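The block underneath contains the structure these notes are about, expressed in structure tokens.
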Amino acid sequence: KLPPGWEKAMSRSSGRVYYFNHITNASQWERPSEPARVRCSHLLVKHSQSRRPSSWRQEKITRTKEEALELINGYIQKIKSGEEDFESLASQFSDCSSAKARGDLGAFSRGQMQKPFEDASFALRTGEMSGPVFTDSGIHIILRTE
Ligand SMILES: N=C(N)NCCC[C@H](NC(=O)[C@@H]1CCC/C1=C\[C@H](COP(=O)(O)O)NC(=O)[C@@H](N)Cc1ccccc1)C(N)=O
């Protein structure tokens, strides 16, 4: 009956059915098929409306939400095409401290993370990646590793 969050959609360019998850913002052609804790990595791109417009990459972050989303979308494309792997781009480009650990945050339970991140993380299956996930930190690509 489709895992939590999944809905059927219709491609605008091709007319082929696909599947969208309204929690994780994941999108796929393929038909998709709870734990105390999950382990995730992420790639955060902050923007000017981030709760803390600063990171290890740059002292003042001045890009807009729209520009941050553009970046996130491009990283997702590269990951999905296999041109770049998630861990490489998190290391180079994540506005999170966890960039130094290939975007790895370790394991966590419900009640620790900002709610959209958490909900997304818990709706992913092991191995799966999110689409853009919006929190007060910025915009995330989330990969569930455990
Ligand atoms: N019950 C709740 N709502 N509690 C609020 C929880 C919020 C917090 N953050 C997040 O949920 C986002 C998603 C994963 C990474 C993250 C934020 C940051 C990077 O984003 P910023 O914080 O610079 O905007 N990451 C990190 O590793 C930490 N150095 C940042 C940090 C978090 C909490 C206290 C001190 C430092 C957390 N406690 O994990």
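Within each chain, counting starts at residue 1; across the structure tokens, chains are named A, B, ... in the order shown, with ligands numbered 1 upward in that order.
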
Problem set entry | Those in chain A with strand (DSSP E) from DSSP, as an MDAnalysis selection string | chainID A and resid 6:10 17:21 27:28 38:45 104:108 133:134 139:144

Selection from above, N, CA, C and O atoms, as a CSV table (one decimal), in the first residue's frame, can you write it?
```
chain,number,residue,atom,x,y,z
A,6,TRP,N,4.5,7.9,1.0
A,6,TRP,CA,4.5,7.8,-0.5
A,6,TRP,C,3.1,8.0,-1.1
A,6,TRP,O,2.1,7.5,-0.6
A,7,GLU,N,3.1,8.7,-2.3
A,7,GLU,CA,1.9,8.9,-3.1
A,7,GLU,C,2.3,8.7,-4.6
A,7,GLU,O,3.4,8.8,-4.9
A,8,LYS,N,1.3,8.4,-5.4
A,8,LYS,CA,1.5,8.4,-6.8
A,8,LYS,C,1.4,9.7,-7.4
A,8,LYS,O,0.5,10.5,-7.1
A,9,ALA,N,2.3,10.0,-8.4
A,9,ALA,CA,2.2,11.2,-9.2
A,9,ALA,C,2.3,10.9,-10.7
A,9,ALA,O,2.7,9.8,-11.1
A,10,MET,N,2.1,11.9,-11.5
A,10,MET,CA,2.2,11.8,-12.9
A,10,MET,C,3.2,12.8,-13.4
A,10,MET,O,3.2,14.0,-13.2
A,17,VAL,N,3.8,7.4,-14.7
A,17,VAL,CA,3.6,7.5,-13.3
A,17,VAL,C,5.0,7.5,-12.5
A,17,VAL,O,5.9,6.8,-12.9
A,18,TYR,N,5.1,8.2,-11.4
A,18,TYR,CA,6.2,8.0,-10.5
A,18,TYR,C,5.7,8.1,-9.0
A,18,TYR,O,4.5,8.3,-8.8
A,19,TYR,N,6.6,8.0,-8.1
A,19,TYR,CA,6.3,8.0,-6.7
A,19,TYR,C,7.0,9.2,-6.0
A,19,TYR,O,8.2,9.4,-6.2
A,20,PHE,N,6.3,9.9,-5.2
A,20,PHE,CA,6.8,11.0,-4.4
A,20,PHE,C,6.5,10.8,-2.9
A,20,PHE,O,5.4,10.2,-2.6
A,21,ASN,N,7.4,11.1,-2.0
A,21,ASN,CA,7.2,11.0,-0.6
A,21,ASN,C,7.1,12.4,0.0
A,21,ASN,O,8.1,13.2,-0.1
A,27,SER,N,11.8,11.3,-4.7
A,27,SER,CA,11.1,11.2,-6.0
A,27,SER,C,11.7,10.0,-6.7
A,27,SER,O,13.0,10.0,-6.8
A,28,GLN,N,10.9,9.1,-7.2
A,28,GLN,CA,11.5,8.0,-8.0
A,28,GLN,C,10.5,7.4,-9.0
A,28,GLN,O,9.2,7.4,-8.7
A,38,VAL,N,17.8,5.7,14.4
A,38,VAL,CA,18.4,5.7,13.0
A,38,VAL,C,19.7,6.4,13.0
A,38,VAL,O,20.0,7.3,13.8
A,39,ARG,N,20.5,6.0,12.1
A,39,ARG,CA,21.8,6.7,11.8
A,39,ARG,C,21.7,7.3,10.4
A,39,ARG,O,21.2,6.6,9.4
A,40,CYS,N,22.1,8.6,10.3
A,40,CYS,CA,22.0,9.3,9.0
A,40,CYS,C,23.2,10.1,8.8
A,40,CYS,O,23.9,10.6,9.8
A,41,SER,N,23.5,10.4,7.5
A,41,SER,CA,24.4,11.5,7.1
A,41,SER,C,23.6,12.6,6.5
A,41,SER,O,22.4,12.3,6.1
A,42,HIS,N,24.1,13.8,6.4
A,42,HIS,CA,23.4,14.8,5.7
A,42,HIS,C,24.4,15.8,5.0
A,42,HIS,O,25.6,15.9,5.3
A,43,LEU,N,23.8,16.6,4.1
A,43,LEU,CA,24.5,17.6,3.4
A,43,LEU,C,23.6,18.8,3.6
A,43,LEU,O,22.5,18.9,3.1
A,44,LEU,N,24.1,19.8,4.4
A,44,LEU,CA,23.3,21.0,4.7
A,44,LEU,C,23.8,22.2,3.8
A,44,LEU,O,25.0,22.4,3.7
A,45,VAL,N,22.9,22.9,3.1
A,45,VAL,CA,23.2,24.1,2.5
A,45,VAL,C,22.4,25.2,3.3
A,45,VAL,O,21.2,25.2,3.3
A,104,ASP,N,28.3,12.4,8.3
A,104,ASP,CA,27.8,11.5,9.3
A,104,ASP,C,27.4,12.2,10.7
A,104,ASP,O,28.3,12.8,11.3
A,105,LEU,N,26.2,12.0,11.2
A,105,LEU,CA,25.8,12.5,12.4
A,105,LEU,C,25.7,11.5,13.6
A,105,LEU,O,25.4,11.9,14.7
A,106,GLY,N,25.9,10.2,13.3
A,106,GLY,CA,25.7,9.2,14.3
A,106,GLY,C,24.2,8.8,14.4
A,106,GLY,O,23.4,9.4,13.6
A,107,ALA,N,23.9,8.0,15.3
A,107,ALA,CA,22.6,7.5,15.6
A,107,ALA,C,21.8,8.5,16.4
A,107,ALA,O,22.4,9.2,17.2
A,108,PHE,N,20.5,8.5,16.3
A,108,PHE,CA,19.7,9.4,17.1
A,108,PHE,C,18.2,8.8,17.1
A,108,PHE,O,17.9,8.0,16.3
A,133,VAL,N,15.1,18.7,2.2
A,133,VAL,CA,14.4,18.8,3.5
A,133,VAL,C,14.7,20.1,4.2
A,133,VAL,O,15.8,20.5,4.3
A,134,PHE,N,13.6,20.9,4.5
A,134,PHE,CA,13.8,22.3,5.0
A,134,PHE,C,13.6,22.3,6.5
A,134,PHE,O,12.7,21.8,7.1
A,139,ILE,N,18.8,23.8,4.2
A,139,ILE,CA,18.1,22.8,3.4
A,139,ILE,C,19.1,21.6,3.4
A,139,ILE,O,20.3,21.7,3.2
A,140,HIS,N,18.5,20.4,3.7
A,140,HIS,CA,19.3,19.1,3.8
A,140,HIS,C,19.1,18.2,2.7
A,140,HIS,O,17.9,18.1,2.1
A,141,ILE,N,20.1,17.4,2.3
A,141,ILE,CA,19.9,16.1,1.7
A,141,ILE,C,20.3,15.1,2.8
A,141,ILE,O,21.3,15.2,3.4
A,142,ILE,N,19.4,14.1,3.0
A,142,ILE,CA,19.6,13.2,4.1
A,142,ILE,C,19.8,11.8,3.6
A,142,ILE,O,19.1,11.3,2.7
A,143,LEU,N,20.9,11.1,4.1
A,143,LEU,CA,21.1,9.7,3.7
A,143,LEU,C,21.0,8.8,5.0
A,143,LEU,O,21.7,9.0,5.9
A,144,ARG,N,20.1,7.9,4.9
A,144,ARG,CA,19.9,6.9,6.1
A,144,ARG,C,20.9,5.7,5.9
A,144,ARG,O,20.7,5.0,4.9
```

Which residues of chain A come within 7 Å of ligand 1, and what is each one's closest atom pair and distance in Å (one decimal), counting only C-alpha atoms and all ligand atoms, sorted by chain and residue number, as a Markdown table?
```
| residue | atom | partner | partner_atom_place_in_ligand_line | distance |
| --- | --- | --- | --- | --- |
| A:50 | CA | ligand 1 | 24 (O) | 6.5 |
| A:51 | CA | ligand 1 | 24 (O) | 5.4 |
| A:52 | CA | ligand 1 | 24 (O) | 4.9 |
| A:55 | CA | ligand 1 | 23 (O) | 6.9 |
| A:96 | CA | ligand 1 | 19 (C) | 4.9 |
| A:97 | CA | ligand 1 | 29 (N) | 5.4 |
| A:98 | CA | ligand 1 | 27 (O) | 5.8 |
| A:105 | CA | ligand 1 | 27 (O) | 6.8 |
| A:111 | CA | ligand 1 | 1 (N) | 5.2 |
| A:112 | CA | ligand 1 | 1 (N) | 5.0 |
| A:113 | CA | ligand 1 | 11 (O) | 3.5 |
| A:114 | CA | ligand 1 | 11 (O) | 3.9 |
| A:115 | CA | ligand 1 | 3 (N) | 6.0 |
| A:117 | CA | ligand 1 | 13 (C) | 5.8 |
| A:136 | CA | ligand 1 | 24 (O) | 6.7 |
| A:137 | CA | ligand 1 | 24 (O) | 3.8 |
```

Can you write just those residues out, C-alpha atoms, as a CSV table (one decimal), in the first residue's frame?
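out-v3.csv, written as the output of this step:
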```csv
chain,number,residue,atom,x,y,z
A,50,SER,CA,19.1,30.1,8.4
A,51,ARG,CA,19.0,30.3,12.3
A,52,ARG,CA,22.8,30.8,12.1
A,55,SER,CA,29.6,28.0,8.8
A,96,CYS,CA,27.6,21.5,8.9
A,97,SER,CA,30.4,20.6,11.2
A,98,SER,CA,29.6,17.0,10.3
A,105,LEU,CA,25.8,12.5,12.4
A,111,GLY,CA,13.1,14.1,20.2
A,112,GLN,CA,16.7,15.1,19.3
A,113,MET,CA,16.6,16.6,15.8
A,114,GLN,CA,14.6,19.4,14.3
A,115,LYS,CA,11.2,17.9,13.5
A,117,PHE,CA,14.8,16.4,9.6
A,136,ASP,CA,15.6,26.3,10.5
A,137,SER,CA,19.3,25.4,9.8
```

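Near residue 71 in chain A, within a cut-off of 12 Å and counting only C-alpha atoms, sit the residues residues 43, 44, 45, 46, 47, 63, 64, 65, 66, 67, 68, 69, 73, 74, 75, 76, 77, 78, 89, 93, 94, 132, 138, 139, 140 and 141 of chain A, with same-chain residues fewer than 2 positions away left out.
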
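Here CA of residue 88 in chain A is placed at a distance of 15.3 Å from CA of residue 145 in chain A.
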
Seminar exercise, completed: Counting only C-alpha atoms, the residue among A:5, A:35, A:131, A:53 that lies closest to residue 23 in chain A is A:5

Exercise. Which residue gives the smallest distance to residue 120 in chain A among A:25, A:92, A:33, A:48, with only C-alpha atoms counted?
Worked result: A:25

For this session: Name the residues of chain A that fall into alpha helix (DSSP H) according to DSSP on the backbone, using the chain letters and numbers of this document, as a PyMOL selection string.
Result: chain A and resi 65-81+86-93+115-123

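Between residue 118 in chain A and the candidates A:135, A:13, A:62, A:91, the tightest atom-to-atom separation, counting only C-alpha atoms, involves A:135.
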
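Each of A:58, A:14, A:24, A:121 was compared to residue 109 in chain A using only C-alpha atoms, and A:121 turns out to be the nearest.
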